[PDB]
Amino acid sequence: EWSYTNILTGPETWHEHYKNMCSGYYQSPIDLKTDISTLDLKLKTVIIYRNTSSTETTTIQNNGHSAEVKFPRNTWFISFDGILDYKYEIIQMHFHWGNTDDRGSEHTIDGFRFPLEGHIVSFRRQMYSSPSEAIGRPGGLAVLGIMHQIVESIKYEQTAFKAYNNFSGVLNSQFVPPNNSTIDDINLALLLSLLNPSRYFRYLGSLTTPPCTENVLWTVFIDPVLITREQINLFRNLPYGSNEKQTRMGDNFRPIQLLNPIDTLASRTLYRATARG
């Protein structure tokens, strides 16, 4: 059992209840510190692309700790090298947000928390045949982090919810765990075009929920996409699972981890990318 809000099973306890691997020293999230990071001009623009002959349905579930969009197999991919040859295949996208607008993200950028951080989770299909083979194996995963920020004046079509197609209206108080519903597909290419896909932090870290496996290649884009207060409050209408002390889902984020805890046996480095100038 784990939770965010029950002090007994909360994130401070994960290093004990899930020693493998929540006690490790390559954990996530971290503070993404622009001044400490190393600019690496070899890190290219990220591309997200779709298999246009895929027809299966997309679904979303309230799994008790987030809203998680589950994509069909063989449908959405990420390329980090400009070639569209299916090296990373997207599995799911879920979200982390706050009870209030000034927190919610798991990563910080120079100490700053955003209201909502989305995680697009993919597996390295280049090496592994399926999500379930990759999820617990070395180097199996790569996650994209997308920061969202609230604006007062904006057309719907300009907000991230256009790419999400409003999650087909499923974000409301009656979307109780562990219900899942079919939704219109998420246009992840459009979502990525709402920010600068060349401008990101990059490091090796972990899943941010138990068992915190250290096999995640992280990419966190620096520019946020935009949403309204109305849209953030939609997520806040979801109920938490019954493991949680709080009724309404919010503050479902793990606290910050150090880039290099004192016990590390080989330091990791935080890299940054920017467009070819």
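A residue's number is simply how far along the shown sequence it sits, counting from 1.
- Remark: stretch with higher mean C-alpha B factor among 74 to 82 and 173 to 181 is 173 to 181.
- In this entry, 5 to 13 has the higher mean Cα B-factor, the comparison being between 5 to 13 and 21 to 29.
- In the PDB entry, the Cα temperature factor peaks, among 52, 228, 45, 215, at 52.
- Based on the entry's C-alpha B-factors, the most elevated value among 58, 252, 38, 208 belongs to 58.
- The PDB entry assigns residue 152 a C-alpha temperature factor belonging to the highest third of its chain's modelled residues.
- The deposited CA B-factor of residue 117 belongs to the lowest third of values across its chain.
- Ranked against the other modelled residues of its chain, the C-alpha B-factor of residue 126 as given in the entry falls in the middle third.
- When the CA B factors of the chain's modelled residues are split into thirds, the value for residue 247 lands in the highest one.
- Residue 262: CA B factor in the highest third of modelled residues in this chain (values from the PDB entry).
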